[PDB]
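Heads up, the thing below is written out as structure tokens.
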Amino acid sequence: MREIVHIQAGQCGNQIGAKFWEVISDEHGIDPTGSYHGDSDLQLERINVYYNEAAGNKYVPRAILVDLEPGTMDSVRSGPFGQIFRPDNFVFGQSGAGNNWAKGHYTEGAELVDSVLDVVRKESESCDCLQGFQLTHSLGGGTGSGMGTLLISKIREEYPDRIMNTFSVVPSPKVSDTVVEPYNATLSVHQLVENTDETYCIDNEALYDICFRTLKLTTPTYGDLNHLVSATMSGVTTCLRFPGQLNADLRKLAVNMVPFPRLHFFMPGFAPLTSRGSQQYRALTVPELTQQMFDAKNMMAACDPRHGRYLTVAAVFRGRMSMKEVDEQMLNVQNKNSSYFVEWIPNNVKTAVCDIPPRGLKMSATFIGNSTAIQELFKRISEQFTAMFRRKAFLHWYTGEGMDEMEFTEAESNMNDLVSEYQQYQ
Amino acid sequence: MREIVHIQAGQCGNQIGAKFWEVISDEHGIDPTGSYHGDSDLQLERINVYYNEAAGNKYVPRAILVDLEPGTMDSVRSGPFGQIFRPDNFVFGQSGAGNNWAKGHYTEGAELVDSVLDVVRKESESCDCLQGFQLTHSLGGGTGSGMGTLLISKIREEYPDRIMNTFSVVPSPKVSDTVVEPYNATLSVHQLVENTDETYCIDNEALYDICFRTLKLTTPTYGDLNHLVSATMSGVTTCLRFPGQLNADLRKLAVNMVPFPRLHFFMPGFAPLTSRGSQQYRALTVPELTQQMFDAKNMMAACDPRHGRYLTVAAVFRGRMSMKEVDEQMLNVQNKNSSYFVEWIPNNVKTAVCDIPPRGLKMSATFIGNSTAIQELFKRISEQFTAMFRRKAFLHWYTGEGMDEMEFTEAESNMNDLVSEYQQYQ
Amino acid sequence: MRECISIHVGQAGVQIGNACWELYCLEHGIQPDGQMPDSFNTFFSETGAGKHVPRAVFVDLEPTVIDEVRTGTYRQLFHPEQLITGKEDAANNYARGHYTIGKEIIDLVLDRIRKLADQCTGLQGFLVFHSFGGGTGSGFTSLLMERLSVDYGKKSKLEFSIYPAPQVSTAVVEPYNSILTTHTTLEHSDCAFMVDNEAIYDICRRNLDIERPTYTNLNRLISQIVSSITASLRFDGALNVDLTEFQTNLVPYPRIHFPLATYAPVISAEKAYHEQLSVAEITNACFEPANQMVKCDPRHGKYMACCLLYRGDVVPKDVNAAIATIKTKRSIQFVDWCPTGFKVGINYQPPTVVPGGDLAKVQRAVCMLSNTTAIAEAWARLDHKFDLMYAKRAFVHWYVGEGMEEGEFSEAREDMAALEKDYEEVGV
Amino acid sequence: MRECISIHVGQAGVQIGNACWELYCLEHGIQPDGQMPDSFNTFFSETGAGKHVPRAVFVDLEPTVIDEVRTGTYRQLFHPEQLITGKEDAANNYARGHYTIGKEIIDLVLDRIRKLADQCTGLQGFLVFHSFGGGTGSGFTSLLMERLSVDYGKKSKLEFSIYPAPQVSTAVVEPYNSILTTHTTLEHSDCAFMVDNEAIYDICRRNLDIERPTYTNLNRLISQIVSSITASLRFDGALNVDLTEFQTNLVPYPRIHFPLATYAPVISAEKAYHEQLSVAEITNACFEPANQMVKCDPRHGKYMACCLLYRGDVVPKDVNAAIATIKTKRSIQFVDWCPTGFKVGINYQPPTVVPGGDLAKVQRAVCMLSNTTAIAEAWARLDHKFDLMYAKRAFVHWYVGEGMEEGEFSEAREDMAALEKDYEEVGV
Ligand SMILES: Nc1nc2c(ncn2[C@@H]2O[C@H](COP(=O)(O)OP(=O)(O)OP(=O)(O)O)[C@@H](O)[C@H]2O)c(=O)[nH]1
Ligand SMILES: Nc1nc2c(ncn2[C@@H]2O[C@H](COP(=O)(O)OP(=O)(O)OP(=O)(O)O)[C@@H](O)[C@H]2O)c(=O)[nH]1
Ligand SMILES: Nc1nc2c(ncn2[C@@H]2O[C@H](COP(=O)(O)OP(=O)(O)O)[C@@H](O)[C@H]2O)c(=O)[nH]1
Ligand SMILES: Nc1nc2c(ncn2[C@@H]2O[C@H](COP(=O)(O)OP(=O)(O)O)[C@@H](O)[C@H]2O)c(=O)[nH]1
Ligand SMILES: [Mg+2]
Ligand SMILES: [Mg+2]
């Protein structure tokens, strides 16, 4: 009945996206050829939310893959599950953006964007009732950031009444993977504040920490990091795909968690997470899950939630569970940590439960926190950007692509405004 | 219903602690994997006092293992019963304290203490109703003494209404195992007088004597010594873990035995103790047990109880016994040895009986004496400390770690005060 | 899909190309005959059936050096028309290269380049290998650079340059040439990767235990760096960086386009066995001045942009940790206008090693491209050298003979003074 | 987890290191090639697969002694870069070691040390082996010590020193060197374990029935003591003592940091069979002056701190009893300001013995580290020796030639006078 359209932009976007797709396939019992080999009828009842049925009992992701370089696409197509994707849904350029937002948004991306829009339009028109769109990408590169942002805006123009969701991997505090990161991030943020309904802030640093400290992983891989993200994504849409006792879809969550339009940057979290050794020495109960959820070490954003206050928290539980227990525990946590919750929104917590747990587990939870501590991240980027602009460093790479200084200033202003707003509520 | 949280600090603390845990496991029928293979339902009814149930019918000690060196931890983990412990409950540093109280308390220990506190907090919050805490450690080293003491204080701040128990191995009169022993001991004592509810004074010398003279052990091992301590500990908590005719838990014992807050240093004892040969040539009756209990040769502190007076004595009996016999015998002993009991506390003896005897035996007893003779121990340390301070010997090792002379003086003053107090009551 | 054209100019360029192409062949399993019994396609075109041809042009103004290529082991590897030779050399004279001799062969080479480009579907750009000091490497290269910009423009151009050493040097007129080529090429090049023969010698001696390094060894070492740079295009990796990236991430102002290359670990089979070559350890090696490939003092300068290209058995987290550690270290200083100074590439393929080479087989390597105010010092000495000789008009007549004017020298001087000023000012 | 770096300086240091490392290899089953078919990790790093490398640096200012290591049986055991040699020796001249010759190689050695430390997760500290009398063992060592303190500081530093004998001695300038190194190293060292070649000779002759002991034998004997000291770190024991402990338990005042080593039992297979080597008996052996490893009279001094490290089949109670007995004995006197004079370590591993060694295989051993006012006597004789020679300015010119000033000698004298005064005053 309801449908979700998936978009993947740039390297990071594609790589996370593939993992996500794999996860989804596993969940719904669909193999790398597109055929259903599941068992439970619940797996197939709402399969249309993510998959189109392409006849001969075969299923194909409602997924669009976009990049200015073909290498990533090639890598994906050759991967395990590369064959499930519709060949015509891979939309690639030849040039690349060279970690330049300008190229992604105004130049190379501009040339290619029309085609992707057309594909998206086609996808929408086949689906009976689109809930909306989920975009996976980074803010730090050129494609995912510049072209992805452009795509969002164009989508919104066509479909202003549909939900616009992003899973954005953002620049970490400790180490930078690009030199121009602050510029790319900032510009992306500028567009995102105005054009998306919610943004899940994923940080690679946080993921690494989780892998090291919680998962006890000596040598984490980018794949492993992506897996966590994928899991979170899956958790977020579970109520659309399976039955439950209390159900919350993308719109319900959004309305619960965004009290003012601009404040839609979430810190996602996932629970439980245990090592191979420490699997034995703990019981799989709701309390443990709750503990894991409300903990700085388990947050996928590089921000300490205890340095701000939670405006809203959405908790999504999977498995056969006592609702009473959940209700009590959510209450109890709030009572305990009253100082970390904004005082003018009584009952800061929204709860949803899906009866179907993920595979291999008895019970799972996904956490979405809207914390005023996210301001810290924004501040750090903002400062950096200001510093860079003070010396006009790297600016000719962007102005050379037709961009004007004024745009940069505007972006800065928006960024500062957002942080001010966050502070006010804090 | 009631819960005990166990803490082990430094080498001595860890090594005694492991033995204790083993003993407890044996008693409750839990094997080195965490699984219950017992028979009697009484063994499992109050298993929650010491063990958390970690699902898959497996049990894990509510135990925290702390050291500034990892070697001890490694040794423990590799030992028999090393596998039952929760891996995340081992909290170790990298540096060590080098038998320096200052390092344990202010420097290395300070860095690590927060983590241990957090772990403790977590443990407490899972348990429904904590009775309190038991800490095993020495006073003569740096970790157990300096860091252990620090831990106590921090615990007390959080949980001022819970019972704080220590099993402290103290410096012997004849031979010293460290050169700076008097300093470390003294400082530890200073903190202990103000922050613990009771302290069981264990002396290695006394244990050795017991092994040689009573147990007829040609070559006692440190393990064997530890065993006795473990047994005593087990005896002390028996009423929390099993049923009985007259039951006394940690609070009941404390209130019976501590008439003034500072006077909470006990001389523990255990009975019976026989050789392999002398097992045949005596009957297992209450009188024999009583005799063994009230005897200088059977005290685990290097002090002659006949050189002072008993303020209070708590006797804890295990096995199927006639209460009348016990009552008579306790009376009789008091009548006989009137001169060794303070005259202004009529009925100096508190009695408790637990129906479940320890394994392999029909009947057992544990003795806790609050004797004014303990002053002797304090005096000996005090004199030594004063002598050392007269020449400022080794002082730069402590002042170099940020400590001031004033603290030392304060400690000395407290020590002297305590002995004066003891004398007054005598 | 996306392709890269290599240009090898003059003796130095040609010899480096020989190494590089050999390495490429080894890496992709292409025999010296062009046969192999699909990413290599970025560097090799395919003709008919079971033959592969380098996307390369070799140019020299004299026949001798290229004649060795056309008679040597890899004679069948290259198409005859892509090996271009004149008759008379540029005789260490920029003017001969840029005007008198170069203007006779430039059109031909351009046509070849155009033809190469016609076979490309997604041309990434050009890699040009040349010396600064030789008449062809300087004069011809500048001519060619300028021409390229007109014909193509927007496509990225990358230079690999044998920068002259402070003490050691072969030519007498080398400073003149270096200044002049710098002046003329500045506005036409996007990024130029300098290396120094002295530094490579020292590294060979110190790190590889080679008593007597030959030019071949140096060339081989250079080849490794080139492979590292292009591995992101020739293989698939975890996190990867194309040729279009570098110019954006390493050039903060248009004229300050001289990043320097460093490779690690460079060690023999003797010292390889007795070492755990971890990611942190290799990374650390790169930021110590003795291992770097240009003789110069980074300790006396500040870093502006740093790009680290890892290869082989490498995992992101450890790299990140290493970077953090480097950042923490007070003796490695970055300019205050650049809080994010790192660009990181990670590729799965370990460095392949040439049979009979000096280097041991390693699980991991790193190639750092670093941009530093320390280059100013290097520029300064060169300037000083120029100044002395011009004070006496020493050798100036030769240049004039070949059509150059004295005013050009003045202009070149002025431009270099400007450059050094710019370098200084960025620092503060 | 917790690691220990060994530094071997000059001939004496290097030779001792050779013994020690061999012993370690024997004990952990590491072959001379670094292979073994996990506590040993405190002393050996692990590289790649099936190779182990000592956490050691060997330094000498001439090549000859280390050249034997690099050509000998254990050539594959050590990494080439951790065996550091200059070209010209310090020629029994402190100044050459500390200034003229030493300043050329010190930086290099420091870099190596830093690199070693980078591979450590829980660095306990350094063990430095050197003579007091040689130009490198003195001058270089002092230089290195000072440098270490600046770079690291808080980490513990331990010295093993061949103290010059009263009668027997090799060098003529030995007193000068000894005084000077003592002066300069005093504030930089935490604890220094002296031994004496004369004493070891006598013990070898008397206790082991060896007519003609060679330096090798002495080295072997030393190695045992070192093993005893470090066994608490390299194995798991009943009651154990790390490197950070000693400095706290043996040094009552900062300058009085010279405890002495004694080992027991040291006996041949002849006298081993006809003896019940009990814990009490071995312990007693240690407190009789003929068995001690420095020639000196403890009967004429007082004990201030005593540390006993037991190894093998040993049980706490008997040790305690032995200690009590020792305390009771009126002829073994402790200073009145120290009622608790014993620090006790007990380790489960019996001493391992080198095939073809002089020592018999025993169930138990003990290494005593004892700090005694009797060291004052030793200091005094040395001082007297210094005084005589300086009275005539004998050899002084040589030192001056290498940049030393006469005033430095005076300062050194003064400092030694102070030290002896301090020693005297502690006694009373
Ligand atoms: N690294 C390296 N440097 C070289 C090689 N051959 C020459 N050089 C350096 O290049 C410079 C000399 O320039 P060449 O390339 O020989 O001269 P050319 O480009 O042929 O110019 P002309 O002969 O004057 O037309 C000097 O700095 C040489 O040290 C080589 O094979 N490897
Ligand atoms: N125990 C022992 N002592 C040694 C050994 N070799 C030398 N010595 C002693 O060390 C002192 C001489 O110092 P060396 O170590 O030879 O001199 P060096 O440190 O090399 O200093 P220079 O040669 O002057 O640079 C004398 O007291 C020797 O008896 C050895 O192998 N074992
Ligand atoms: N979580 C995750 N992050 C990635 C992955 N690949 C790249 N990134 C991040 O994405 C950023 C680089 O942007 P990228 O998407 O490669 O550039 P673009 O292709 O121009 O958009 C850096 O912050 C990387 O850490 C991946 O597989 N997983
Ligand atoms: N009963 C007992 N005492 C011990 C044991 N190990 C060490 N000790 C005592 O503890 C003291 C040394 O302190 P230790 O705990 O090793 O130092 P720390 O690690 O710095 O606290 C001495 O008095 C020893 O006799 C043991 O296993 N059992
Ligand atoms: Mg030439
Ligand atoms: Mg020598």
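Ordering of the structure tokens sets the chain letters (A, B, ...), residue numbers begin anew at 1 in every chain, and ligands are numbered from 1 in the order given.
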(request) Excluding segment 355-362 of chain B and residues on its chain fewer than 3 positions from it, collect all residues at most 6 Å away from it, counting only C-alpha atoms, and give them as an NGL selection string. (result) :B and (244 or 318-320)
At most 7 Å from ligand 5 (only C-alpha atoms and all ligand atoms): residue list as a compact mmCIF listing (two decimals) with N, CA and C atoms, in the first residue's frame:
# COMPACT_ATOMS: atom_id res chain seq x y z
N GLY C 10 62.25 14.25 -22.99
CA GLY C 10 63.71 14.28 -22.79
C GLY C 10 64.25 12.99 -22.21
N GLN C 11 65.56 12.94 -21.98
CA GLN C 11 66.23 11.75 -21.44
C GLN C 11 65.64 11.23 -20.13
N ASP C 60 61.80 13.08 -27.51
CA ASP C 60 63.13 13.63 -27.26
C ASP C 60 63.60 14.26 -28.56
N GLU C 62 66.73 14.46 -29.67
CA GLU C 62 67.80 13.63 -30.24
C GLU C 62 67.30 12.18 -30.26
N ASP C 89 69.66 17.74 -30.54
CA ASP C 89 69.16 17.92 -29.17
C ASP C 89 69.02 19.41 -28.81
N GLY C 134 67.22 20.24 -18.26
CA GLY C 134 67.58 20.00 -19.65
C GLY C 134 66.87 20.94 -20.59
N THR C 136 65.40 20.27 -23.47
CA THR C 136 64.13 19.69 -23.97
C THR C 136 63.16 19.57 -22.81
(message) I'd like the contact shell of residue 326 of chain D - 9 Å cut-off, only C-alpha atoms, skipping same-chain residues fewer than 5 positions apart - returned as number ranges by chain.
(response) D: 283-284, 287, 321, 332
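Every protein or nucleic acid residue with an atom no more than 9 Å from residue 281 of chain C, counting only C-alpha atoms and leaving out same-chain residues fewer than 2 positions away, appears here: residues 276, 277, 278, 279, 283, 284, 285 and 322 of chain C; 115, 118 and 119 of chain D.
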(request) Excluding residue 386 of chain D and any residue of its chain fewer than 4 positions from it, enumerate the residues within 12 Å of it, using only C-alpha atoms, and give them as a ChimeraX atom specification. (result) /D:172-180,379-382,390-396,409-410,412-414,416-417
(request) Mind listing the strand (DSSP E or B) residues of segment 166-287 of chain C, per DSSP on the backbone, as a list in words? (result) residues 191, 192, 193, 194, 195, 196, 239, 260, 261, 262, 263 and 264 of chain C
(request) Rank nothing, just name the residue among B:20, B:13, B:34, B:86 nearest to chain A, using only C-alpha atoms. (result) B:86
(request) Show me which residues sit within 9 Å of ligand 4 when counting only C-alpha atoms and all ligand atoms, and put them as an MDAnalysis selection string. (result) (chainID B and resid 9:16 67:69 72 96:101 104 137:148 169:172 176:178 181 202:205 207 221:227 229) or (chainID D and resid 238:241 245 316 344)
(message) Using Å and a single decimal, report how far atom CA of residue 197 of chain A sits from atom CA of residue 158 of chain A.
(response) 15.1 Å
(message) Rounded to one decimal, what separation in Å do you get between atom CA of residue 161 of chain D and atom CA of residue 314 of chain D?
(response) 29.2 Å
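Going from atom CA of residue 52 of chain B over to atom CA of residue 272 of chain A, you cover 18.7 Å.
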(request) Measuring atom to atom with only C-alpha atoms, identify which of C:404, C:221, C:362, C:53 is nearest to chain D. (result)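 When distances to chain D are compared using only C-alpha atoms, the smallest one comes from C:362.
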(message) Using only C-alpha atoms and all ligand atoms, which residues have at least one atom no more than 9 Å from ligand 1? Output them as number ranges by chain.
(response) C: 9-16, 60-62, 65, 88-94, 96-97, 130-140, 161-165, 168-171, 174, 195-197, 200, 214-219, 222
(request) Can you check which residues of chain D have any atom within 10 Å of chain B? Use only C-alpha atoms and format it as a PyMOL selection string. (result) chain D and resi 1-2+39+121-124+155+233+235-254+304-308+314-324+327+336-345+426
(message) Tell me as number ranges by chain which residues belonging to chain B come within 10 Å of chain A, counting only C-alpha atoms.
(response) B: 34, 52-60, 84-88, 122, 126
Residues from last step as file, C-alpha atoms, as a CSV table (one decimal), in the first residue's frame:
chain,number,residue,atom,x,y,z
B,34,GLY,CA,28.7,-20.5,35.1
B,52,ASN,CA,23.6,-12.3,38.3
B,53,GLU,CA,21.7,-14.6,36.0
B,54,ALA,CA,23.1,-14.0,32.5
B,55,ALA,CA,20.5,-16.2,30.6
B,56,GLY,CA,21.0,-19.7,29.2
B,57,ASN,CA,20.9,-21.0,32.8
B,58,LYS,CA,24.3,-19.3,33.5
B,59,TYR,CA,25.4,-17.3,36.6
B,60,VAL,CA,28.0,-14.6,36.8
B,84,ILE,CA,33.0,-17.4,35.2
B,85,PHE,CA,33.9,-13.7,35.6
B,86,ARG,CA,32.3,-11.0,33.4
B,87,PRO,CA,35.1,-9.8,31.0
B,88,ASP,CA,34.0,-6.2,31.3
B,122,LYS,CA,26.1,-0.2,36.7
B,126,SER,CA,20.9,-3.7,37.9
(message) Taking 4 positions as the minimum chain separation for residues in the same chain, which residues sit within 12 Å of residue 325 of chain B when counting only C-alpha atoms? Answer as a PyMOL selection string.
(response) chain B and resi 285-287+289-290+317+320-321+329-332+351
May I have the selected residues written with N, CA, C and O atoms, as an mmCIF file, in the first residue's frame?
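Result saved to selection02.cif:
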data_model
loop_
_atom_site.group_PDB
_atom_site.id
_atom_site.type_symbol
_atom_site.label_atom_id
_atom_site.label_comp_id
_atom_site.auth_asym_id
_atom_site.auth_seq_id
_atom_site.Cartn_x
_atom_site.Cartn_y
_atom_site.Cartn_z
ATOM 1 N N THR B 285 31.506 -32.079 68.183
ATOM 2 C CA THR B 285 30.476 -31.529 69.060
ATOM 3 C C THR B 285 30.709 -30.035 69.242
ATOM 4 O O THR B 285 31.773 -29.512 68.900
ATOM 5 N N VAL B 286 29.702 -29.370 69.795
ATOM 6 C CA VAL B 286 29.690 -27.923 69.939
ATOM 7 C C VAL B 286 30.793 -27.483 70.892
ATOM 8 O O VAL B 286 31.379 -26.435 70.671
ATOM 9 N N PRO B 287 31.047 -28.266 71.969
ATOM 10 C CA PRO B 287 32.040 -27.856 72.936
ATOM 11 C C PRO B 287 33.404 -27.649 72.342
ATOM 12 O O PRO B 287 34.071 -26.640 72.625
ATOM 13 N N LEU B 289 34.130 -27.050 69.237
ATOM 14 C CA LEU B 289 34.050 -25.874 68.364
ATOM 15 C C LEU B 289 34.258 -24.608 69.166
ATOM 16 O O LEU B 289 35.038 -23.726 68.765
ATOM 17 N N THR B 290 33.555 -24.547 70.293
ATOM 18 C CA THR B 290 33.609 -23.392 71.189
ATOM 19 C C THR B 290 35.032 -23.172 71.672
ATOM 20 O O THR B 290 35.534 -22.027 71.659
ATOM 21 N N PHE B 317 27.189 -20.093 63.572
ATOM 22 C CA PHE B 317 27.270 -21.540 63.570
ATOM 23 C C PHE B 317 26.551 -22.048 62.346
ATOM 24 O O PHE B 317 25.510 -21.523 61.971
ATOM 25 N N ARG B 320 23.198 -28.640 61.612
ATOM 26 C CA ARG B 320 22.006 -28.962 62.402
ATOM 27 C C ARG B 320 22.420 -29.129 63.859
ATOM 28 O O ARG B 320 23.124 -30.082 64.197
ATOM 29 N N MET B 321 22.001 -28.188 64.712
ATOM 30 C CA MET B 321 22.532 -28.073 66.072
ATOM 31 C C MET B 321 21.442 -27.771 67.077
ATOM 32 O O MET B 321 20.453 -27.147 66.724
ATOM 33 N N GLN B 329 26.711 -22.948 76.246
ATOM 34 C CA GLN B 329 28.167 -22.954 76.125
ATOM 35 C C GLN B 329 28.703 -21.545 76.061
ATOM 36 O O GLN B 329 29.712 -21.235 76.722
ATOM 37 N N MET B 330 28.001 -20.686 75.317
ATOM 38 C CA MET B 330 28.371 -19.263 75.232
ATOM 39 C C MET B 330 28.304 -18.636 76.611
ATOM 40 O O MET B 330 29.204 -17.868 76.956
ATOM 41 N N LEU B 331 27.268 -18.975 77.386
ATOM 42 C CA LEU B 331 27.149 -18.468 78.748
ATOM 43 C C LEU B 331 28.357 -18.899 79.600
ATOM 44 O O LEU B 331 28.956 -18.112 80.329
ATOM 45 N N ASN B 332 28.620 -20.201 79.524
ATOM 46 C CA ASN B 332 29.609 -20.879 80.342
ATOM 47 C C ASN B 332 30.961 -20.281 80.117
ATOM 48 O O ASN B 332 31.664 -20.016 81.104
ATOM 49 N N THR B 351 24.728 -14.615 68.964
ATOM 50 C CA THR B 351 24.719 -15.938 68.324
ATOM 51 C C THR B 351 23.807 -15.983 67.099
ATOM 52 O O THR B 351 22.696 -15.447 67.138
#
(request) Could you list, as number ranges by chain, the residues of chain C having an atom within 8 Å of chain D when counting only C-alpha atoms? (result) C: 271, 273-276
